[PDB]
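**Q**
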Amino acid sequence: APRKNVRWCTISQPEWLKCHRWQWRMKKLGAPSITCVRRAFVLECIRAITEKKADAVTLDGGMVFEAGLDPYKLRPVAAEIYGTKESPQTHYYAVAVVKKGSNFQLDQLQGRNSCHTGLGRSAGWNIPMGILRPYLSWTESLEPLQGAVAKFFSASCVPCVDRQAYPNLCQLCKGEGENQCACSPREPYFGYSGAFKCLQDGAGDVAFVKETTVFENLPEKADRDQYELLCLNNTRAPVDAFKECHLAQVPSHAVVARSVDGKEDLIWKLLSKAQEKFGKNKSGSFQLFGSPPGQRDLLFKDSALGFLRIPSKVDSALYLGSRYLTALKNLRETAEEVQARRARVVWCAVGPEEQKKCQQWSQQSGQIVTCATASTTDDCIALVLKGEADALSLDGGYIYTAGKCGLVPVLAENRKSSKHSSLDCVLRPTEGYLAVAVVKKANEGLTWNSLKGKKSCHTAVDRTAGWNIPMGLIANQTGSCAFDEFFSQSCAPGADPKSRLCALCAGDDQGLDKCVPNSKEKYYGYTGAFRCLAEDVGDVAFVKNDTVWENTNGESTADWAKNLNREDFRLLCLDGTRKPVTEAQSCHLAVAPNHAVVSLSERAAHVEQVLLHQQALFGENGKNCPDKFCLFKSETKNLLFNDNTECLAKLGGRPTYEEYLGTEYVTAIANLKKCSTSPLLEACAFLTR
Ligand SMILES: [Fe+3]
Ligand SMILES: [Fe+3]
Numbered sequence: 001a002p003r004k005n006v007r008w009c010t011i012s013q014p015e016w017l018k019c020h021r022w023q024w025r026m027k028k029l030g031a032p033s034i035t036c037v038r039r040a041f042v043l044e045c046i047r048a049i050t051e052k053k054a055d056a057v058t059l060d061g062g063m064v065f066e067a068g069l070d071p072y073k074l075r076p077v078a079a080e081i082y083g084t085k086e087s088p089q090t091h092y093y094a095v096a097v098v099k100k101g102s103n104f105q106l107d108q109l110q111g112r113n114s115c116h117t118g119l120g121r122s123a124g125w126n127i128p129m130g131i132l133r134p135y136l137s138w139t140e141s142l143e144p145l146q147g148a149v150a151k152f153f154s155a156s157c158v159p160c161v162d163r164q165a166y167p168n169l170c171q172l173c174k175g176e177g178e179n180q181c182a183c184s185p186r187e188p189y190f191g192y193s194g195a196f197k198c199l200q201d202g203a204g205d206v207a208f209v210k211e212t213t214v215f216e217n218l219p220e221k222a223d224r225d226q227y228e229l230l231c232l233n234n235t236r237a238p239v240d241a242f243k244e245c246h247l248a249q250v251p252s253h254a255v256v257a258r259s260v261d262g263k264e265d266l267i268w269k270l271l272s273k274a275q276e277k278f279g280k281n282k283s284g285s286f287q288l289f290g291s292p293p294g295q296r297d298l299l300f301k302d303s304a305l306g307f308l309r310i311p312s313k314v315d316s317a318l319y320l321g322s323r324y325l326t327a328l329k330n331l332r333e334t335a336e337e338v339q340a341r342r343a344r345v346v347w348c349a350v351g352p353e354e355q356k357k358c359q360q361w362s363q364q365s366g367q368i369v370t371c372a373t374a375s376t377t378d379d380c381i382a383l384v385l386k387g388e389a390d391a392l393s394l395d396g397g398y399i400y401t402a403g404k405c406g407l408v409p410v411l412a413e414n415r416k417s418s419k420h421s422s423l424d425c426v427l428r429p430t431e432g433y434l435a436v437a438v439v440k441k442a443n444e445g446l447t448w449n450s451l452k453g454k455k456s457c458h459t460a461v462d463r464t465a466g467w468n469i470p471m472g473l474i475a476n477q478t479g480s481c482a483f484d485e486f487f488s489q490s491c492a493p494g495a496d497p498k499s500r501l502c503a504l505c506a507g508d509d510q511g512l513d514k515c516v517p518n519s520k521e522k523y524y525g526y527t528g529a530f531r532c533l534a535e536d537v538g539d540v541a542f543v544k545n546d547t548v549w550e551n552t553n554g555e556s557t558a559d560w561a562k563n564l565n566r567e568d569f570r571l572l573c574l575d576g577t578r579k580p581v582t583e584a585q586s587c588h589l590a591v592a593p594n595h596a597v598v599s600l601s602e603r604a605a606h607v608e609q610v611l612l613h614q615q616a617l618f619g620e621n622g623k624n625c626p627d628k629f630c631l632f633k634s635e636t637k638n639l640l641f642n643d644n645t646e647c648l649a650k651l652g653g654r655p656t657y658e659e660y661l662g663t664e665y666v667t668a669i670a671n672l673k674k675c676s677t678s679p680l681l682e683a684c685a686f687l688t689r
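Numbered by the authors' numbering, the letters in the sequence shown go through residues 1 to 689 in order.
1) Tell me which same chain residues have a C-beta within less than 8 Å of the C-beta of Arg341, skipping the five on either side of it?
2) Cβ of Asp395 within 7 Å of any heavy atom in ligand 2?
3) Entirely within the segment 391-464 and at least 3 residues each: give me those beta strand (DSSP E) ranges in chain order.
4) For residue 690, count the other beta carbons within 10 Å of its own beta carbon; 16 or more makes it buried, fewer makes it exposed. Which is it?
5) Which residues bound the beta strand (DSSP E) around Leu308?
6) Please classify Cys9: does DSSP put it in a helix, a strand, or coil?
7) Are there 16 or more other CB atoms within 10 angstroms of the CB of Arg296, so buried, or fewer, so exposed?
8) Out of curiosity, what's the CA-to-CA distance linking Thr376 and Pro493?
9) The alpha helix (DSSP H) spanning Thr213 covers which residue range?
10) Between which two residues does the alpha helix (DSSP H) carrying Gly130 extend?
11) Candidates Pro134, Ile131, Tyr192: which alpha carbon is nearest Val158's?
12) Comparing C-alpha positions only, which one of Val149, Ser362, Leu74 sits nearest to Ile131?
13) Would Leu589 pass as a contact of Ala412 if the rule is Cβ separation under 8 Å?
14) Terminal residues of the continuous beta strand (DSSP E) containing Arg38?
15) Pull the bridge partners of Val209 from the DSSP assignment, please.
16) Taking buried to mean at least 16 other C-beta atoms within 10 Å of its own C-beta, is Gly306 buried or exposed?
17) DSSP state of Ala503, grouped into three classes?
18) For ligand 1, which residues count as neighbours when the test is a C-beta closer than 5 Å to any heavy atom?
19) Round the Cβ separation of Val77 and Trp361 to the nearest angstrom and send it over; I've been treating them as touching at under 8 Å.
20) Tell me the rounded alpha-carbon separation between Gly194 and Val346.
21) Among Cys380, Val540, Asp536, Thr645, which one has its Cα closest to the Cα of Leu680?
22) Out of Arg258, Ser456, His91, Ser283, which has the shortest C-alpha to C-alpha gap to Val250?
23) If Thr645 sits next to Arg463, beta carbons under 8 Å apart, how far is it from one beta carbon to the other, in whole angstroms?
24) By the 10 Å Cβ neighbour count, where 16 or more other Cβ atoms means buried, how is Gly177 classified, buried or exposed?
25) Output the distance between the C-alpha atoms of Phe686 and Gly538, rounded to the nearest integer angstrom.
26) Quick one: Cα of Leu473 to Cα of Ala257, how far?
27) Could you check whether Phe487 and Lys454 sit closer than 8 Å to each other, using their CB atoms as the reference points?
28) Measure the Cβ-Cβ separation of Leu172 and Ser156 and say whether it is below 8 Å.
29) For the 8 Å Cβ check, are there 3 or more pairs between the segment 608-619 and the segment 319-335?
30) What do you reckon, is the C-beta of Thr376 under 7 Å from a heavy atom of ligand 2?
31) Classify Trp24 as helix, strand or coil using the three-state DSSP reduction.
32) Using 8 Å as the cut-off, can you tell me whether the segment 433-448 makes contact with the segment 650-661, which would need three or more C-beta pairs spanning the two stretches below that distance?
33) Using only the alpha-carbon positions, how far apart do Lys263 and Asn565 sit?
34) Comparing C-alpha positions only, which one of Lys221, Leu672, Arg344 sits nearest to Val239?
35) Quick check: the Cα distance between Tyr166 and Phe153, rounded to an integer number of angstroms?
36) So does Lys544 have its beta carbon nearer than 7 Å to some heavy atom of ligand 2?
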């Protein structure tokens, strides 16, 4: 069928034929009958695909990133697998291959002839240029990179460049006719091997290629031993020592398809069956991962064992990884712009209201703190993986996801204490907060033991006291993963907007975005949960202790908590009794870890540095708080930080999420999690890799 076939996109007659030989072998196996388009630019292929004129193609990391941009947004469908049948790996190393007997190092590269695989590609041009930057004498505003690189080398075949402006580059490029220095295998020195031919044929003093490149064009040592490698160590090594002598680790070439309505399924099925029948050493007739003698890397990357499935949730950007993304981005930013992104912290605001507060925070801070905004926490977390943000404050249950993704508790919010007026906040330990089940006193029938079939208000799907504790407890009493079945109706923003759990959620004044895991939805979070129990919409509210005192008895001016009588509420203890919120020192469901500031490791030190500055300006004893901007005061709407917070306190050592949340706790989250995985939870599992 038109969409039961996967039209694969070639970029050269030779590549074009390999596919058709594949079409024949894939037919007798009865599967998505592959279709095969032809073109000449690895870019034009991206166009066709994006233009629904093609389906998929395989691009090197660089390309992937490029392909993933707004003009045409493609997605890494499947990663290629490298290594050996027994030691598979999905990333590679960019290496500086040189000849033996050359008394030159990496810092002595000025004015020499170099060979690059292709423009933009990773190992062949990206990484090398990232390494050399310093010795580039680049005026980002006076000229491009191809500019300074041009004067940096005496001549280097760098296919895809425009010799017009920079000819000493394509100068060394083999092949005649303006056809020379092309961006498709059309150009002999273009590619991985093409870059070797370039150092083999005497054209350069060094070629930038992957680790096994040398090994693929020279099977007999005697031959290989005459090629060395350039360590960043400023020393040389044998091509067998790449693991110790390499420029950098980069992600493997993947195969992309369209972002939406992009035949992801038919492609993947088609990739596994091709792998099985013509994988590395499956048939002699046709070799999928091997290309015929003469040319190389046709279609897929030669000598690649298999394909690892990409979670339909990691975009180009997430795929490529954080560090590599950064190296890549910075290749379009001046040394001035990049040093700005480094020194400023970028909080991630969860919602339109919270984004508004950060904008203000930003402003008052003098622009030391800028804002990036997501529609949900899982989204702000994804964002931190993109280095597009820096940190944000997370609740226990959320830290988990963030912790599982590789983030780290930087500073923890500390509330007011009972003992010390001495030890200063930043230095005192967290006493954690209590989880409670609130209900209106005027409901004497309801007890912990009679909660089923009731309506419920939770802070949010996946929050500590709002969900993880309650469903944790209700779960080990039924062994059931079902939640659409314990409460006749409830409001747990986050969950499937069609389940009994989103029935009681209302949303903004206008009625939109019901059950949205951000303040937008009104019965959202610690306060929206209680507002929910207060308004009689549901029967018991699952929230933290102080939450009750914070909206009862004239503490909050929220026109819905104005008249609330504190005693008018009751806690549901676990015995099966109900107590008054005053004696909740013995009627809570459990102790939870304070929400804390997660962030990226490489930013941990910095973020914790800046926040100690901000907090000082607008916190309890701050200097610019009362009058200019109070960081922790949201008018009982708990934005950015818990109102009831006294300060961002430090934490001994470099604790991990498990060390912070709690193994016992962490396990409980894990188990409950077993009932369901997050698309961002799956992504990070693979990501971690
Ligand atoms: Fe590559
Ligand atoms: Fe919480």
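For each residue, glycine too, the CB sits at the ideal point set by N, CA and C.
**A** Taking the structure as given:
1) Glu333
2) Remark: the C-beta of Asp395 is in contact range of ligand 2, defined as less than 7 Å to any heavy atom.
3) 391-394, 412-415, 433-440, 455-458
4) Absent from the structure is residue 690, since the part of the chain shown begins at 1 and ends at 689.
5) 307-309
6) Strand at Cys9.
7) buried
8) 10 Å
9) 212-217
10) Looking at the DSSP string, the run of the alpha helix (DSSP H) that includes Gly130 is 127-132.
11) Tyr192
12) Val149
13) no
14) Taken as a continuous stretch (DSSP letters only), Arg38 belongs to no beta strand (DSSP E), as it is neither H nor E.
15) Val95
16) buried
17) coil
18) In chain order, the qualifying residues are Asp60, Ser122.
19) Their Cβ separation, rounded to whole angstroms, is 40 Å, which puts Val77 and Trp361 out of contact at 8 Å.
20) 43 Å
21) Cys380
22) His91
23) Actually they are not in contact, since the Cβ atoms of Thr645 and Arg463 sit about 16 Å apart, beyond 8 Å.
24) exposed
25) Roughly 39 Å separates the two Cα atoms.
26) 44 Å
27) yes
28) yes
29) no
30) no
31) helix
32) Contact between the segment 433-448 and the segment 650-661 is absent, because fewer than three Cβ pairs lie under 8 Å.
33) 58 Å
34) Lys221
35) 11 Å
36) yes
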